[PDB]
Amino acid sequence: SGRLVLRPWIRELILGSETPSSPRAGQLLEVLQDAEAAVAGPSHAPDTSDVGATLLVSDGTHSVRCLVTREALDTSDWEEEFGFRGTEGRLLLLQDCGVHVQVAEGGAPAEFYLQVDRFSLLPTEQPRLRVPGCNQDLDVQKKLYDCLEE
C-alpha cells in the first residue's frame, strides 16, 4: 500500500534565515534528561520541576538536542506517566520551537540546539536508526562559527 514519509528538516531549518513557522515531526531517539511533574507543597524530597526535559530527536537524517521548556511540559496533558522515558522510538511533533546556540561549556563544544515551547506526542512508533548529529554537518559547522562571532 506504500508508506507515508516525513521530510527531513533539521539541517534546512538551521541553515535557513528565519525562525520556524510550521510544526515539525521527529522521532525521539533518546531521553538525555527526563522531567518530573510539579508537586504542590513543601517536602524534603528534591524538587526539580523548574528544569525542562532534554531529548535527542531525529528527523531520519540527523539528530538534534531538544530542550523541552517547562512551559511546554506543564500545559501538556499526559496519557501515561508524566515524562518521556518509555517513549523512545515514538514520533514527536514540535509545534512551537526555535534554533538556539549553545556556547562551549563544561567540556562540551558549542552547538546548535532546539528549544521546544509546545509539542505533542504522535501514536506512531518506529525502529530507531543510528544517525549523524546535525552539528557534524559541514555547512552547519560553518554557520555555528559565524553565529558565535556576534
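Numbers follow the displayed sequence, beginning with 1.
The stretch 41 to 49 shows the higher mean C-alpha B-factor when 25 to 33 is compared against 41 to 49 in the entry.
Here 77 to 85 and 55 to 63 are compared by their mean Cα B-factor, and 77 to 85 comes out higher. Across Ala104, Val101, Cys97, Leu93, the greatest Cα temperature factor reported in the deposited entry is at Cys97. The entry lists a Cα temperature factor for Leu15 that places it in the highest third of the chain's modelled residues.
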